[PDB]
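*Asks:* One structure coming up, written as structure tokens, with questions to follow.
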Ligand SMILES: *[C@@H]1O[C@H](CO[C@@H]2O[C@@H](C)[C@@H](O)[C@@H](O)[C@@H]2O)[C@@H](O[C@@H]2O[C@H](CO)[C@@H](O[C@@H]3O[C@H](CO)[C@@H](O)[C@H](O)[C@@H]3O)[C@H](O)[C@H]2NC(C)=O)[C@H](O)[C@H]1NC(C)=O
Ligand SMILES: *[C@@H]1O[C@H](CO)[C@@H](O)[C@H](O)[C@H]1NC(C)=O
Ligand SMILES: *[C@@H]1O[C@H](CO)[C@@H](O)[C@H](O)[C@H]1NC(C)=O
Ligand SMILES: *[C@@H]1O[C@H](CO)[C@@H](O)[C@H](O)[C@H]1NC(C)=O
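Residue numbers (PDB author numbering), protein chains in the order written: chain A, 182 to 194, 200 to 239, 245 to 428; chain F, 183 to 193, 200 to 236, 247 to 428; chain J, 2 to 217; chain C, 1 to 107; chain I, 2 to 136, 143 to 222.
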């Protein structure tokens, strides 16, 4: 009993889409987050994924192509035009994700305001004291999660976030170490994303579902003699 | 449906919990094969490449080249309070790489048709290493082993062939250059040596050529590839 | 998974019904499949083994109908309706449920011929052998039935069983009989110290042992 | 406690040489801090969080490692780099330092 | 179906030896192969299993790390490398093909090869010393083969003129060396009137002895 996926039977030998669903031999299919598109037809040039005025995962098999829609994108209308053939007809499939302004739950330490990304919190590190260490806290407490957590650091980051993260602060005199985010939040499906706007590096990760236990971690951002750190806290149950 | 291995563990060759041996499932995925498993993954992640994880289902494509017969991607399912393990690795074929090994180490995991120790060439020089391919259908691996910088990003980007007249040669995307679709790419590193290659399956529209440049210290070299059909 | 096959040897008569046991150490029954992961093999004398049955009773294409094996859980038995003189071989039991596949001890099939007494024959050491510095006496015992037999060596009446070489043969195709060769190895020195060398056999046929000796 | 072993004890090199020291830990450690000490002064923060360079530390310096094997590398050794270099861990109490690799010059 | 294996030789303990198996009469790439040895005690031990495309292998704890199975799907051959051999590895190794009808890595074996003999021994190959055995209704005669290494040794009587009524005996491990004998019973009229010649043959030492029996 599956759902979400879309199947395009355009050959001979689950929402089913066929020739009837085309308009003037065009299929303006609008994919959603974590939605798997499937087609079964002999493509013209054995290839599709391009620009037409971004494929995370595409598997090309004989007379069959599987595509999973990505979870984060900033392009308004980034499309893919699978041009196929069946019988004596030529059909084209235009895939495009639903435009949604996903707001990154994190701290923008940079000062540029013409960024392609939107952060819930922000702290211009360039204004911070030299030889200082200011915090920018971030918290989450939803039953189910579908969020993007990251930061925009104009300088070096510590550690490699968010594949590696920094353990939370100890009340007693105990050390805090660097761990892999996989083990820290104790889930499997962790998407990772990286981007760069000039000197500003921006690294983030996606979380989907409900976490096992309420967990917290930290990521450190330094620029010249100034420094800062973002503390994240996600709640279970 | 002719190249799908389906393993049904939830509620086109369909395997079930009978093909398992002691709750283990060794899967030899042919280069032209797909694997679709239907189960509830223990940690929802797997495969200690091109994989797609969708809800309670997972699909994996066979890689063209395999370095060690032991390398494998392992999934663990939990159906009816029971644990089943699926080991997936491609059929072990020691394919040769049609390219030039510029490095000097001989204990490599990769075998090249041609080779040219760049360490021996003169400083401030630019020596060529040509590799040619002439078959109607192709199923080959073309790459190089450079101990230093590689120009450009090979083989996703490549360098146009030399112009007879005084015209410049530019960097192009390999997909456009050879004009085929599902070009698989692969990278590797043995110490300082970089091993970048690409696969090629099927015929080719028009006989075309390209070049990839490898420099080390003051020494330099370049590999020119040429593939033909029609 | 320990595979046992009782008994070790099985004296059978041509045409009679024959049954072989195979006790397993663990269950071999996938409940959903309802198939037993066991197989039976036949190893002809001077020949490689050959598969007969797989699963529980599923015989292979080309296996006779008289071979009817059946079992479940840990008990497994191979039953033959009418024993042909051709299929007198060592039958093996094997599990292929889980790694590693383990084999059985095997049940040899012998022919139940009329109890035959042996014809013993002694041989003194050859002249050429003495020259090299050694002397061994060979006592031949052949064409008898059943297998059970005890041979004794008498060095001038004294029982010295040290340094004896006893070899047996299989069921002779012609007469379905057994043969044994006992060999008393000695040095030339000790050999010349005695005169008469006796060889006697204790077989089921007679209470008084059959003697055959020579005096140098 | 965690023992931090620094090798070589004395690292003599000529200007321009690519050199690398090694900090081998008894057990696994998640990070290693690096400090440079020149005679007459206290230690100075040099490499932060295994690979990040402290403010003013020239780009020729580099840190790399994980588990029980970390390192510090100088691409083109300059005369001003002659000093003793200490590696520091704090993956578990107590915080321990290294013996110290002294960078010596050659003439 | 043609399963013919070869490569068995006397190997010194600790040494290695790779034996091969030639497949013919079936789609090699579609069936998985296994090695199964048979000890001189007529015991069957599983040695190794390899998948159709030589990606997965299986070995029992006994030979794990010591033996290495392999196959050349193109050359249609099955290889078995045996390192650090021990006296226990002295067995008759058989090349078998696993059943593919049931889609499962572990299964029984459809067919079996002829067999290639392995003998992990440190002894020196010595030639045999043949000794005649001369002494009623029927006169028995013998021929002793003592002090030889290794197996096998061939014996026949009068170049194969008579076969019925003859009994050869298996070799026995006597004082680091093998030893066997044969028995030929003839009518009293035929001996010593006719000459009976014991025809021995030790290939491992290329010795041909044809001693006649003289009273
Ligand atoms: C796993 O699958 C096996 C085999 O079923 C077949 O093969 C699969 C790969 C799929 O393609 C299936 O669609 C396909 O049907 C199942 O084993 C089978 O179980 C039934 C009982 O449930 C067996 O029936 C028995 O047959 C014997 C012999 O005639 C009778 O004596 C019994 O009384 C009973 O009727 C059937 O033979 C058996 N098949 C095999 C090849 O062993 C298995 O149940 C299934 N398991 C799960 C958990 O799904
Ligand atoms: C595609 O549709 C046709 C007509 O509806 C049907 O006969 C055929 O089986 C379908 N093929 C697949 C792969 O679903
Ligand atoms: C797949 O699994 C479900 C489990 O409920 C079963 O009902 C179905 O028959 C199975 N199908 C195959 C082809 O094994
Ligand atoms: C290759 O050889 C070089 C020799 O300088 C050595 O440094 C390197 O470790 C070797 N690579 C591997 C993978 O052994």
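Yeah, the Cβ is synthetic: ideal placement off N, Cα and C, and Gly gets one too.
Anything in the region 33-53 of chain I with a Cβ closer than 9 angstroms to a Cβ of chain J? List those residues in chain order, please.
*Replies:* From the region 33-53 of chain I, only 35, 37, 39, 43, 44, 45, 46, 47, 50 have a Cβ closer than 9 angstroms to chain J.
*Asks:* Only counting the same chain, and skipping five residues up and downstream in sequence, which positions put a Cβ closer than 6 angstroms to that of residue 204/A?
*Replies:* Start at 1 with the first residue of the first chain, and residue 204/A comes out as number 18. 190.
*Asks:* Can you name the residues of chain A whose CB is closer than 7 angstroms to the CB of residue 31/C?
*Replies:* Residue mapping note: residue 31/C aligns to position 31 of the fourth chain, counting from 1. Going along chain A in sequence order, the residues near residue 31/C (Cβ under 7 angstroms) are 369.
*Asks:* Do residue 339/F and residue 290/F have their C-beta atoms closer together than 8 angstroms?
*Replies:* In the second chain, the residue the question calls residue 339/F occupies position 141. In the second chain, the residue the question calls residue 290/F occupies position 92. In this structure, residue 290/F does not lie closer than 8 angstroms to residue 339/F by Cβ.
*Asks:* Run the Cβ filter for me: residues under 6 angstroms from any heavy atom of ligand 4, listed in the order they occur in the chain.
*Replies:* Going along the chain, the residues that qualify are 303/F, 305/F, 388/F, 389/F.
*Asks:* Mind checking whether the beta-carbon of residue 193/A lies closer than 7 angstroms to any heavy atom of ligand 2?
*Replies:* Taking the first residue of the first chain as 1, we reach residue 193/A at position 12. Checking the Cβ of residue 193/A against ligand 2 gives yes.
*Asks:* In the DSSP assignment, what residue or residues form a beta bridge with residue 113/I?
*Replies:* Along the fifth chain, one-based indexing puts residue 113/I at 112. Residue 113/I is bridged to 97/I.
*Asks:* Can you check whether the C-beta of residue 185/F is within less than 8 angstroms of a C-beta belonging to chain I?
*Replies:* Locating residue 185/F in the second chain gives position 3, where the first residue counts as 1. No, no contact with chain I.
*Asks:* In three-state DSSP terms, what is residue 416/F?
*Replies:* As a first step, residue 416/F must be located in the second chain, where it is residue number 218. Coil.
*Asks:* Taking the alpha-carbon of residue 58/I as reference, which of 11/I, 80/I, 3/I, 75/I has the nearest alpha-carbon?
*Replies:* Indexing the fifth chain from 1 puts residue 58/I at position 57. Nearest C-alpha to residue 58/I: 80/I.
*Asks:* Would you say residue 222/A lies against chain F (beta-carbon separation less than 8 angstroms)?
*Replies:* One-based indexing of the first chain puts residue 222/A at position 36. Yes, contact with chain F.
*Asks:* Name the residues in the region 344-362 of chain A whose C-beta lies less than 8 angstroms from a C-beta of chain C; which are they?
*Replies:* Cβ contacts with chain C come from 347, 349, 350.
*Asks:* Answer yes if the region 79-95 of chain J comes into contact with the region 106-124 of chain J, meaning at least three C-beta pairs across the two stretches below 8 angstroms, and no otherwise.
*Replies:* In short, these stretches touch, since the Cβ pair count reaches three.
*Asks:* Tell me whether residue 204/F counts as near ligand 3, meaning its Cβ is closer than 7 angstroms to at least one heavy atom of that ligand.
*Replies:* Within the second chain, the letter at position 16 stands for residue 204/F. Under cutoff, so the answer is yes.
*Asks:* Any heavy atom of ligand 3 closer than 7 angstroms to the beta-carbon of residue 190/F?
*Replies:* Indexing the second chain from 1 puts residue 190/F at position 8. Yes; taking the cut-off as 7 angstroms, the Cβ of residue 190/F has a heavy atom of ligand 3 nearer than that.
*Asks:* At a cut-off of 7 angstroms, is residue 212/I close to ligand 1 when judged by its beta-carbon and the heavy atoms of the ligand?
*Replies:* Within the fifth chain, numbered from 1, the residue matching residue 212/I stands at position 205. Result no, Cβ not under 7 angstroms from ligand 1.
*Asks:* Do residue 24/I and residue 78/I come within 8 angstroms of each other at the CB atom, strictly closer than that value?
*Replies:* Walking along the fifth chain from the start, residue 78/I turns up at place 77. Walking along the fifth chain from the start, residue 24/I turns up at place 23. Yes, they are a contact pair.
*Asks:* For the alpha helix (DSSP H) containing residue 10/C, name the first residue and the last one.
*Replies:* Taking the first residue of the fourth chain as 1, we reach residue 10/C at position 10. Residue 10/C -> not in any alpha helix (DSSP H); beta strand (DSSP E) instead, spanning 10-12.
*Asks:* Could you confirm whether any beta carbon from chain J is found closer than 8 angstroms to the beta carbon of residue 209/F?
*Replies:* Position 21 of the second chain, counted from the start, is the residue given in the question as residue 209/F. It does; some Cβ of chain J falls within 8 angstroms.
*Asks:* Using a Cβ-Cβ distance under 8 angstroms, would residue 93/J count as near chain I?
*Replies:* Within the third chain, numbered from 1, the residue matching residue 93/J stands at position 92. Yes - at least one Cβ of chain I is within 8 angstroms of the one on residue 93/J.
*Asks:* I believe residue 15/I touches residue 85/I by the beta-carbon criterion, under 8 angstroms. Please report the beta-carbon distance rounded to the nearest angstrom.
*Replies:* Residue 15/I sits at position 14 when you count from the first residue of the fifth chain. Residue 85/I sits at position 84 when you count from the first residue of the fifth chain. So it is a contact: roughly 6 angstroms between Cβ atoms.
*Asks:* May I ask you to check if the CB of residue 281/F is nearer than 7 angstroms to at least one heavy atom of ligand 1?
*Replies:* The residue labelled residue 281/F in the question sits at position 83 within the second chain. No, ligand 1 has no heavy atom inside 7 angstroms of this Cβ.
*Asks:* Closer than 7 angstroms, Cβ to any Cβ of chain I: which residues of the region 166-177 of chain J, in chain order?
*Replies:* So the close ones are 166, 168, 170, 175.
*Asks:* Quick check on residue 105/C: does DSSP put it in helix, strand or coil?
*Replies:* Start at 1 with the first residue of the fourth chain, and residue 105/C comes out as number 105. Reduced to three states, the DSSP call for residue 105/C is coil.
*Asks:* Give a yes or no on whether the C-beta atoms belonging to residue 392/F and residue 344/F are separated by under 8 angstroms.
*Replies:* Walking along the second chain from the start, residue 392/F turns up at place 194. Walking along the second chain from the start, residue 344/F turns up at place 146. Yes, these two residues count as a Cβ contact at 8 angstroms.
*Asks:* Do the region 201-216 of chain J and the region 162-170 of chain J meet, that is, are 3 or more Cβ pairs less than 8 angstroms apart?
*Replies:* Output reads no: the region 162-170 of chain J does not touch the region 201-216 of chain J.
*Asks:* Kindly give me the distance between the Cβ atoms of residue 121/I and residue 91/I, rounded to whole angstroms, as I take these residues to be in contact under 8 angstroms.
*Replies:* Counting from one through the fifth chain, the residue named residue 121/I turns up at place 120. Counting from one through the fifth chain, the residue named residue 91/I turns up at place 90. Indeed, because the Cβ distance is near 5 angstroms, the residues count as touching under 8 angstroms.
*Asks:* For residue 81/C, which of helix, strand or coil comes out of DSSP?
*Replies:* The residue given as residue 81/C occupies position 81 in the fourth chain. Three-state DSSP puts residue 81/C in a helix.
*Asks:* Identify every run of the beta strand (DSSP E) within the region 56-84 of chain J, keeping only runs that are complete inside it and at least 3 residues long; order them along the chain.
*Replies:* Whole beta strand (DSSP E) segments, 3+ residues: 68-73, 76-81.
*Asks:* With hydrogens ignored, establish whether the beta-carbon of residue 226/A is closer than 7 angstroms to any heavy atom of ligand 2.
*Replies:* Taking the first chain and counting its residues from 1, one reaches residue 226/A at position 40. At least one heavy atom of ligand 2 is nearer than 7 angstroms to the Cβ of residue 226/A, so yes.
*Asks:* Using a Cβ-Cβ cutoff of less than 7 angstroms, which residues in the same chain neighbour residue 259/A once the five nearest sequence positions on both sides are dropped?
*Replies:* Residue numbering aside, residue 259/A sits at position 68 when the first chain is read from its first letter. Contacts found: 222, 247, 248.
*Asks:* My assumption, with CB atoms under 8 angstroms, is that residue 316/F sits in contact with residue 419/F. Please give the rounded CB distance.
*Replies:* What you label residue 316/F is simply residue 118 of the second chain in a count that begins at 1. What you label residue 419/F is simply residue 221 of the second chain in a count that begins at 1. Between residue 419/F and residue 316/F the Cβ distance is about 5 angstroms, and since that is below 8 angstroms, they are a contact.
*Asks:* Is the region 143-155 of chain J touching the region 124-133 of chain J, taking contact as three or more C-beta pairs under 8 angstroms?
*Replies:* The region 143-155 of chain J is not in contact with the region 124-133 of chain J.
*Asks:* Taking residue 208/I as the query, report the chain F residues whose CB atoms sit under 9 angstroms from its CB, ordered along the chain.
*Replies:* Taking the fifth chain and counting its residues from 1, the one referred to as residue 208/I is at position 201. Within 9 angstroms Cβ-Cβ: nothing; residue 208/I doesn't reach chain F, min ~44 angstroms.
*Asks:* Quick one, which of 355/F, 349/F, 360/F has its alpha-carbon nearest residue 381/F's?
*Replies:* If you number the second chain from 1, residue 381/F lands on position 183. Comparing Cα positions, the closest option is 355/F.
*Asks:* Run down chain I in chain order and give the residues with a C-beta less than 7 angstroms from the C-beta of residue 11/J.
*Replies:* Locating residue 11/J in the third chain gives position 10, counting from the first residue. The premise fails here: residue 11/J is roughly 15 angstroms from chain I at the closest Cβ pair, so nothing lies under 7 angstroms.
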